[PDB]
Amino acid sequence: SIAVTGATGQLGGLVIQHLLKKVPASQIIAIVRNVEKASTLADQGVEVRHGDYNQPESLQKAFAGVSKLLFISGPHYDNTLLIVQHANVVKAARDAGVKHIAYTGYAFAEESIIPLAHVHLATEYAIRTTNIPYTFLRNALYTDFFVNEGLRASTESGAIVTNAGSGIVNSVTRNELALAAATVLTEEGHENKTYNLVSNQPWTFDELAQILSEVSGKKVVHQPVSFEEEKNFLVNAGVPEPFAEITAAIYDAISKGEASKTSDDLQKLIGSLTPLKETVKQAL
């Protein structure tokens, strides 16, 4: 019995589709905040349960009798609130007698300068307190954050504008990260282990721009700018202030080597990784 929180979200939806290739739908439980959004899952053989991280009682019920739990992190912007939610989740899983928990954390968190990394470490320590056999799935930033349909704005202008400088990026796709979680949940050998699930073929924004140029046939350059120019760029392109700030801070951190370390853990878990060109062409 494998339960997946965040099941209607992007990552959780992909996990379930990967689990559906490995186990009967019978064994999969989707735990979800909005039960009406989960109908398509229930049309597949997947059991749907209500579980809201803000409501301990819902989590008690949702985790009842689950063997393996994949706890996908909350997306909230308030990190201090996210620590409460995650704590509620961990306490509910302990009380429910969950037998194995996997948690989607953040690669190389101890060296991060992004405050969200402190949430993932707080949560990993919270899970260690339960004594439940664990797998810490320490996910890179998503390649999809940087490479998406929004790249058409850059083809248009001839420029990818960021404040990442020549920082290196070890991102991987949500889909490879979903496969990794599904792999771990469906095979032995991953108990009490941490994996830093990142690329071993990192890239730069110069390189991304050369790739976009090759694919589109149109000349695009990386235009690196300052933090304040980025946030301005973003706000004036219709990106709401808090998210524009979040985004500039992620690029700023990249410029300082936040995403520059690599591991073979993911490749060892899922096999060959998707080349960035292949992801760029899909995005377009």
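Note that residue numbering begins at 1 and tracks the sequence as displayed.
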Inset, instruction - Could you check which stretch, 119 to 127 or 186 to 194, carries the larger mean CA temperature factor in the entry? - result: 186 to 194
Inset, instruction - Give the stretch, out of 237 to 245 and 43 to 51, with the larger mean C-alpha temperature factor in the deposited entry. - result: 237 to 245
Inset, instruction - Quick one: which of 113, 89, 96, 137 shows the highest Cα temperature factor in the PDB entry? - result: 113
Inset, instruction - Return the residue from 70, 225, 254, 29 that has the highest Cα B-factor in the entry. - result: 225
Inset, instruction - Determine, from the deposited record, the chain-internal third of the Cα B-factor for residue 284: lowest, middle or highest. - result: highest
Inset, instruction - Going by the recorded CA B-factors, say which third of the chain residue 11 sits in, lowest, middle or highest. - result: lowest
Legend entry - Chain-wide C-alpha B factor ranking for residue 100, given as lowest, middle or highest third: middle
Legend entry - Ranked C-alpha temperature factor of residue 77 among modelled chain residues, by third: highest
Inset, instruction - Going by the recorded CA B-factors, say which third of the chain residue 206 sits in, lowest, middle or highest. - result: middle
